[PDB]
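Shown next, in structure tokens, is the structure this report addresses.
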Number of protein chains: 4
Amino acid sequence: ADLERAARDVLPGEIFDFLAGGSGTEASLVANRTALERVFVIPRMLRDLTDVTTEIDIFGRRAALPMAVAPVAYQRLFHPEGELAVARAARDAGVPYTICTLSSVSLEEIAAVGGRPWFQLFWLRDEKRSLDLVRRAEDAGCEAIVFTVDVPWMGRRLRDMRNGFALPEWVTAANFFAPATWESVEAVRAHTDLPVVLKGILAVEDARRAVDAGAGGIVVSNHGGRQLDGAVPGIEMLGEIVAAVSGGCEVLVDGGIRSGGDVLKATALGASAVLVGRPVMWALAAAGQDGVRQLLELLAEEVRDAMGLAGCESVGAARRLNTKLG
Amino acid sequence: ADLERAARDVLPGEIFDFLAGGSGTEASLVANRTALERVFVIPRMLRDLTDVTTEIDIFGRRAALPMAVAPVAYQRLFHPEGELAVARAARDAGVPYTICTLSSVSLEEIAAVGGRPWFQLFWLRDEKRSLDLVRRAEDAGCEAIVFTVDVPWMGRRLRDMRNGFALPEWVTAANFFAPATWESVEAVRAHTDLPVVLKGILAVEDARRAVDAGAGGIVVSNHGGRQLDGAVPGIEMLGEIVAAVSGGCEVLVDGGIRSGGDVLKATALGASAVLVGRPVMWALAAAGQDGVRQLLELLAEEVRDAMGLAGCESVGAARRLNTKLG
Amino acid sequence: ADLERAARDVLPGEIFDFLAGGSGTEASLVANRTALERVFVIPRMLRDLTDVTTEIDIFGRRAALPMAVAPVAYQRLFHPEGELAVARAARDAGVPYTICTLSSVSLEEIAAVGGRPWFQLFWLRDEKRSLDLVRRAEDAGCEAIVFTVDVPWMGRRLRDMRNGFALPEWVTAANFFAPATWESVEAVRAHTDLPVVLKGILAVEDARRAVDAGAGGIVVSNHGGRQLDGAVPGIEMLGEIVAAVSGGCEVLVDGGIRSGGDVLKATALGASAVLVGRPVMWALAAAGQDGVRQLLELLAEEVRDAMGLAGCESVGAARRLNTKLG
Amino acid sequence: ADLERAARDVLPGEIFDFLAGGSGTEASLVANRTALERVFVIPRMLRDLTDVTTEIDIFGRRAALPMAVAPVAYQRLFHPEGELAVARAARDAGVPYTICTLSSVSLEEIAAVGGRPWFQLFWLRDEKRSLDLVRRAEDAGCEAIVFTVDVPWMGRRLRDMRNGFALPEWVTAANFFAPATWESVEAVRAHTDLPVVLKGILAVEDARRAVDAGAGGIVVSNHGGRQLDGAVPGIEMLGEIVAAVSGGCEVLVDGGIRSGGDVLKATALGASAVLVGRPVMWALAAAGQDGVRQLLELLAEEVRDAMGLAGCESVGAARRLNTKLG
Ligand SMILES: Cc1cc2cc3c(=O)[nH]c(=O)nc-3n(C[C@H](O)[C@H](O)[C@H](O)COP(=O)(O)O)c2cc1C
Ligand SMILES: Cc1cc2cc3c(=O)[nH]c(=O)nc-3n(C[C@H](O)[C@H](O)[C@H](O)COP(=O)(O)O)c2cc1C
Ligand SMILES: Cc1cc2cc3c(=O)[nH]c(=O)nc-3n(C[C@H](O)[C@H](O)[C@H](O)COP(=O)(O)O)c2cc1C
Ligand SMILES: Cc1cc2cc3c(=O)[nH]c(=O)nc-3n(C[C@H](O)[C@H](O)[C@H](O)COP(=O)(O)O)c2cc1C
Ligand SMILES: O=C(O)C(=O)c1ccccc1
Ligand SMILES: O=C(O)C(=O)c1ccccc1
Ligand SMILES: O=C(O)C(=O)c1ccccc1
Ligand SMILES: O=C(O)C(=O)c1ccccc1
Ligand SMILES: [Mg+2]
Ligand SMILES: [Mg+2]
Ligand SMILES: [Mg+2]
Ligand SMILES: [Mg+2]
């Protein structure tokens, strides 16, 4: 959120491109923003705002905002403290932090920071190794398993191909693949008491099947435009998906959230909470832990401002706002 | 209306930005104009135009045009004569002038200019002080209380933050805050016989509740894009709101009105009248009282021209025009 | 149709602006083109094209194309031969030519060129003088009275105001105003056996009333964007109007026709024929009579090409084509 | 697919324009791309991808991808090996190749390359010569007759007119016209056992009549924007056409396909397969046979990538994907 310039200044171009890029022609990356910009909120007036609160309860825990840090791999690419800097700032802000399967600091180290860590799973070739990663995350105190379900394999990121981009030798997968199926979801659900959250759902019937499968939540998402190029933005499917699950699981959304007003739009369309990816990495690149803290404080102020201006004393009230496309 | 250049020439940049700016990304500021530009009128032909009149009756009084000067705070920012220059030109044009709570000349001085002064209220922390301001306005001969209902607090105007903009010491609140609620509306309605007009309504159910609450009018408005960034333009809610109140109160609109054709569009969508904000301040900056007089004469000619070209001998006929979105 | 550059090269700027301009912000001028560009034809294949003909019968006479030259005042502004050059080229092409009330050569001189002259009427202050002009036109052999019904007064053409544009002394109204009403239409209809064609109809109920009033035709038109700024383009009202009159009169359209493909679009939306204004004046400015001849030959080839490519052996078949908005 | 630059580098400008251009204002050429860009796919997740296959069965034969090389005349314009280079690369990729009536190498030479040759027919003035060409194609082992039905005559390609473009003397119609009708279709169908595929259908009723006429397939197509300027893109008619024929023939589409994601969009809208024209010629110009091979390998990888990311193990599954317009 205007820290993007600072991050472009400091990062090597090919790392900036790894962060910023999408797959193919980047149509789905651009559409995430276009779709949000077409949504207008219809605010309410003259309601009691004596106790405006941005807090929510999600997956058994209070969060300070309806927002979590999205899983983004290899955060030491952006700053030497990598995941620890981001997790510390998230903890201090009361925001859940999603630890990656491909984190550049081990999941146990990040969980020891405290806060509310979730763990994002990629399915390994091996049910047994997959479930061992889930068990590690649970043993370390992670509070939810965010199972990424839109990466049978990685999308074609043409910026990275044009750059011949590769992991610097000083960045590794500190926790150390086969396509996940509904059978994999069931194996995870049977082996943990943590809520299983399926990230990357766009079809209404997949959202309904996720509830039937025992998911505790879904993230309506086209993976920041990095997977199928031409995949619909999650924000365009969110309202239909929220209606189809009719309260059967938490429904989160991501893709393009860049302000507290955008958070308000997502909640007015029915989201329980959003994920935020690239902006958190911009803040990390620009100023480390303190950069991420400042970003989360700015987003917190913007969310409180937008809610009150729209007559909403709580996130639940914001979910009852109506919208109009423009 | 092309006086904007002259105003940019003369004003200090940070004052020009205070006037021109909106909140956040300015999406709602831009949308006010985009929304008007999508409306096309379907004109009628061959009707009697022997006595074309732009006059309306509103809040017990004749007005020369279906237009009033919007409340804009601190008009000495734009010209040394500030509010007195604008109120004199409005009086001479037969246009109501809305005196601000944050006027830079006292409300009694502006009311003494004559004309048809309305008074815009911000709710004070203190029902008693709020009602004393209403009583001052009524004692001074103001004809309507325009209660602003979309500012529980001021929006985030990033131009002003980037400029570190502050009131020059030579500008003060010459009449000298807590969020207004429906209880505040009732307190005002019980304490005045003047029509109470709620400015900043966008939701249909808030317009219906305003009628139920005893409002004499509403202004369908997103506050010139200065409050919630992402709030729908008033012009996009106007037709639905006019249908929902079904004549129970006057329905005004503002945001982006820049020509007599725009006034015609608003009336064809059902508005009783419009407010005009920034253009009046451009005229004031460019040429003081005579600048505002010339602006109002130009708008008067454009409204008469547009009405007649659309076959409308009266504003009521213009409200029966149909429109098409393009 | 790419002769516009040549015309801009040769004409004085203020005359070019008189020709090219619209009223107000020119929104309706631009919308005439935008609206045509959104229409796509659904062509038919494999039909018999052995005898493709672009001819139509209109107002009792065969025309070589479904097109007439629109009334454009003061054509000596564009070329020394003015109206005679255009009328000669129209005659030779088999296209009707509309003589203006404000022609710069007398209506009797232009009618003597031959061809199929129509006469465009502006209502004079005086029913008697108005009807005398109609009688002159009929005596001279004009075949239709094109009564302009969208000019109670002239629109505000800001290019001309900025230019301080006035008629050169070498251009006069060689045939030598009060707002026309439905009473005026009836006076004309009672005083001529020629078909009366009302030019400037946009509302469906005005098209139905025109049939009830005894009009032989209407021109669905916003006057090339020169009258009400913000008036809907005629092409956007054409289909609804054609359905409402259900064959009760001829329905023509104008505004922005710049190719034979555009003629095909208008006919697929239901027009009996189009008028063409500015392009004919470009051709006249660029190369006089021979310029207009070349323009009409190009339009004739483009209309025949478009019809055949869309599977239409006749203009009637083209009116049965379907369209899709894009 | 980014080989377009290389082709522009090497080809003479007027040959590049012959390849790239459309008719008229090129509205239909541009719309082919705009229309695809508005389509978003709704991908499915968590399905079995153990045996993803891009193969289809069409006109009695397996094809490696749901794609064929479109008929493009005079390929020696782009490279000295012309049609033989393209047909060899198509054969090696398992893609059908459409031999043109106006090929610059004889149809028997191209068919002898092997692979799966189809033959595109233009109707000759002479049923007997037309049917002799069909018999030549069948005798040579072509597997389908692609009867072009949208060229009663060639469209007006203004780039070629402005260039005064003509065939170099070193390029000839190595196989050596009157408008085709439904009678011509029947003559072809009665004289061959090969499937007859009507290329250039856009109207729903023409697609239904094609099935009734005994066509084995249709290509929903506006001829790459080269025939009627203003013709709807095929991709905008495809879904309605697929529903109307309800499995009665194969339904192909072309126009603007530039990636495997675009192939996925076409199949999600119901196409059995696509044709690809200009990109194959870019590859041929840039690098001959090996250029076309590399293009087809890239398209094959992109189609497999897009299918799997959208949860589709087969092309049939991709046809059951839903889409949303954006
Ligand atoms: C560099 C980068 C790496 C990853 C790695 C992962 C990952 O190992 N697992 C996963 O499940 N999602 C990922 N993502 C998607 C992310 O979690 C959000 O879906 C989008 O970034 C939301 O959009 P923005 O807020 O970024 O627009 C990534 C996004 C970016 C930019
Ligand atoms: C500098 C500036 C100050 C104020 C202060 C106030 C205010 O103390 N009370 C209120 O109730 N409305 C205000 N407004 C909104 C105004 O009354 C109109 O809502 C919009 O200006 C209509 O849009 P434009 O005609 O300007 O597009 C302002 C608008 C501008 C530009
Ligand atoms: C310079 C100029 C003068 C006139 C004078 C007249 C007029 O004395 N009577 C009338 O009834 N219509 C007029 N018109 C409108 C014209 O008849 C067509 O309605 C539009 O030009 C159609 O649009 P284009 O083909 O020009 O887009 C004019 C148009 C132009 C440009
Ligand atoms: C230079 C050029 C020549 C021809 C000659 C023919 C032809 O003798 N017969 C036919 O039946 N279609 C043709 N076409 C259309 C082609 O078959 C495809 O319909 C479009 O090229 C699809 O669009 P793109 O993939 O090109 O967008 C051509 C296209 C181009 C560009
Ligand atoms: O999932 C991703 O989007 C991503 O960019 C990525 C790249 C490498 C490893 C893991 C994730
Ligand atoms: O209400 C407003 O929009 C506004 O700009 C303002 C700013 C300072 C004081 C009062 C109003
Ligand atoms: O009718 C017109 O549009 C027009 O431009 C005009 C101007 C002067 C005289 C007559 C018509
Ligand atoms: O069919 C075509 O589009 C085309 O361009 C063409 C041109 C010359 C000969 C054959 C086809
Ligand atoms: Mg996001
Ligand atoms: Mg306004
Ligand atoms: Mg026209
Ligand atoms: Mg194609």
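Just so we're on the same page: first chain in the structure tokens is A, next is B, and so on; residues restart at 1 for each chain, and ligands are numbered from 1 in the order they show up.
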
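Inspection of the environment of ligand 10, which uses only C-alpha atoms and all ligand atoms and a cut-off of 6 Å, identifies the neighbouring residues as residues 254, 255, 256, 257, 275, 276 and 277 of chain B.
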
Ligand 12: which residues are within 10 Å, counting only C-alpha atoms and all ligand atoms, as a short mmCIF file (atom, residue, chain, number, x, y, z; two decimals) with N, CA and C atoms, in the first residue's frame?
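In the end it all went to part.cif:
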data_model
loop_
_atom_site.label_atom_id
_atom_site.label_comp_id
_atom_site.auth_asym_id
_atom_site.auth_seq_id
_atom_site.Cartn_x
_atom_site.Cartn_y
_atom_site.Cartn_z
N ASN D 32 -12.34 -10.36 -31.70
CA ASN D 32 -12.01 -11.75 -31.40
C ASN D 32 -11.15 -11.85 -30.15
N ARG D 33 -10.20 -10.94 -30.02
CA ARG D 33 -9.39 -10.96 -28.80
C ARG D 33 -10.12 -10.42 -27.59
N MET D 67 -7.12 -29.22 -31.37
CA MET D 67 -6.67 -28.09 -32.16
C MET D 67 -6.28 -28.61 -33.53
N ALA D 68 -6.54 -27.81 -34.55
CA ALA D 68 -6.08 -28.08 -35.91
C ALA D 68 -5.48 -26.79 -36.47
N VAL D 69 -4.60 -26.89 -37.48
CA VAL D 69 -4.10 -25.69 -38.18
C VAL D 69 -5.16 -25.16 -39.15
N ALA D 70 -5.56 -23.89 -38.96
CA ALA D 70 -6.60 -23.29 -39.83
C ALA D 70 -6.11 -23.21 -41.27
N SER D 221 -17.09 -19.01 -36.56
CA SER D 221 -15.95 -18.21 -37.01
C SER D 221 -16.41 -16.97 -37.76
N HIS D 223 -14.03 -15.61 -39.61
CA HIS D 223 -12.93 -15.62 -40.61
C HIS D 223 -11.79 -14.71 -40.14
N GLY D 224 -11.46 -14.78 -38.85
CA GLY D 224 -10.37 -13.94 -38.34
C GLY D 224 -10.56 -12.46 -38.55
N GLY D 234 -16.90 -15.45 -33.23
CA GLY D 234 -17.44 -16.79 -33.05
C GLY D 234 -17.54 -17.19 -31.58
N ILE D 235 -16.52 -16.83 -30.77
CA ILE D 235 -16.55 -17.22 -29.37
C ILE D 235 -17.79 -16.68 -28.64
N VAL D 253 -14.33 -23.82 -33.13
CA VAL D 253 -14.35 -22.36 -33.11
C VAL D 253 -12.97 -21.89 -33.52
N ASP D 254 -12.90 -20.69 -34.10
CA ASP D 254 -11.59 -20.06 -34.30
C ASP D 254 -11.70 -18.57 -34.12
N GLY D 255 -10.56 -17.90 -34.19
CA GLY D 255 -10.50 -16.46 -34.06
C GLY D 255 -9.80 -16.03 -32.80
N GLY D 256 -8.52 -15.65 -32.87
CA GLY D 256 -7.88 -15.13 -31.69
C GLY D 256 -7.32 -16.12 -30.69
N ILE D 257 -7.31 -17.43 -30.97
CA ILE D 257 -6.75 -18.38 -30.00
C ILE D 257 -5.24 -18.18 -29.98
N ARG D 258 -4.69 -17.81 -28.80
CA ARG D 258 -3.26 -17.45 -28.69
C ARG D 258 -2.56 -18.13 -27.54
N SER D 259 -3.18 -19.10 -26.88
CA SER D 259 -2.58 -19.78 -25.74
C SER D 259 -3.36 -21.04 -25.42
N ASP D 262 -6.53 -20.06 -23.79
CA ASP D 262 -7.61 -19.72 -24.72
C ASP D 262 -8.27 -20.99 -25.23
N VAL D 263 -7.48 -22.04 -25.51
CA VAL D 263 -8.09 -23.33 -25.89
C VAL D 263 -9.01 -23.82 -24.78
N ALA D 266 -12.29 -21.93 -24.89
CA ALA D 266 -13.16 -22.38 -25.98
C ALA D 266 -13.81 -23.71 -25.65
N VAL D 274 -10.43 -26.26 -31.55
CA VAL D 274 -10.24 -24.93 -32.12
C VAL D 274 -9.42 -25.04 -33.39
N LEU D 275 -9.49 -23.99 -34.19
CA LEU D 275 -8.47 -23.76 -35.23
C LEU D 275 -7.57 -22.62 -34.82
N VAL D 276 -6.32 -22.68 -35.29
CA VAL D 276 -5.30 -21.65 -35.02
C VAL D 276 -4.70 -21.25 -36.36
N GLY D 277 -4.77 -19.96 -36.69
CA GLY D 277 -4.33 -19.44 -37.98
C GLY D 277 -3.06 -18.63 -37.87
N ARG D 278 -3.19 -17.33 -37.61
CA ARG D 278 -2.01 -16.45 -37.64
C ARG D 278 -0.82 -16.94 -36.82
N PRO D 279 -0.96 -17.46 -35.60
CA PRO D 279 0.24 -17.84 -34.83
C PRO D 279 1.05 -18.88 -35.56
N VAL D 280 0.40 -19.78 -36.29
CA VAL D 280 1.17 -20.83 -36.98
C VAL D 280 2.02 -20.21 -38.07
#

* Specify as a list in words all residues of chain D found within 6 Å of chain A, counting only C-alpha atoms. => residues 40, 41, 42, 46, 47 and 309 of chain D

Print the selection's residues with N, CA, C and O atoms to a file, as a compact mmCIF listing (two decimals), in the first residue's frame.
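New file part.txt:
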# COMPACT_ATOMS: atom_id res chain seq x y z
N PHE D 40 -13.76 -15.81 -18.22
CA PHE D 40 -12.97 -16.40 -17.14
C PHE D 40 -13.47 -17.80 -16.87
O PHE D 40 -14.67 -18.06 -16.93
N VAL D 41 -12.52 -18.72 -16.61
CA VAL D 41 -12.91 -20.10 -16.30
C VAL D 41 -13.12 -20.25 -14.80
O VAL D 41 -12.38 -19.64 -13.99
N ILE D 42 -14.06 -21.10 -14.40
CA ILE D 42 -14.23 -21.49 -12.99
C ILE D 42 -13.57 -22.86 -12.85
O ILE D 42 -14.17 -23.90 -13.19
N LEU D 46 -9.01 -30.80 -6.87
CA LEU D 46 -8.95 -32.04 -6.10
C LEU D 46 -9.44 -33.26 -6.89
O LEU D 46 -9.81 -34.27 -6.28
N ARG D 47 -9.41 -33.19 -8.22
CA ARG D 47 -9.81 -34.33 -9.05
C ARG D 47 -8.59 -35.16 -9.41
O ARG D 47 -7.45 -34.69 -9.37
N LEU D 309 -4.65 -27.59 -14.13
CA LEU D 309 -4.95 -26.55 -13.15
C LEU D 309 -6.44 -26.36 -12.99
O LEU D 309 -6.91 -26.00 -11.91

* To do: Kindly indicate which residue among B:88, B:66, B:53, B:19 lies nearest to residue 292 in chain B, using only C-alpha atoms for the distances.
  =>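 Using only C-alpha atoms, residue 292 in chain B sits closest to B:88.
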
* Residues near residue 173 in chain A, cut-off 7 Å, only C-alpha atoms, skip fewer than 2 positions along chain, as number ranges by chain -> A: 102-104, 175-176

Go ahead and write the residues just picked, C-alpha atoms, as an mmCIF file, in the first residue's frame.
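Wrote part01.cif, looks like this:
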data_model
loop_
_atom_site.group_PDB
_atom_site.id
_atom_site.type_symbol
_atom_site.label_atom_id
_atom_site.label_comp_id
_atom_site.auth_asym_id
_atom_site.auth_seq_id
_atom_site.Cartn_x
_atom_site.Cartn_y
_atom_site.Cartn_z
ATOM 1 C CA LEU A 102 8.055 -24.048 1.766
ATOM 2 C CA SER A 103 9.110 -21.652 4.521
ATOM 3 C CA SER A 104 12.767 -20.572 4.646
ATOM 4 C CA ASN A 175 11.075 -27.797 6.723
ATOM 5 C CA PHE A 176 12.917 -30.514 4.767
#

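For the pair CA of residue 285 in chain B and CA of residue 65 in chain B, the interatomic distance is 22.9 Å.
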
* Nearby residues (only C-alpha atoms) at most 6 Å from range 301-307 of chain C, same-chain spacing under 5 positions excluded, as a ChimeraX atom specification -> /C:260-261,312
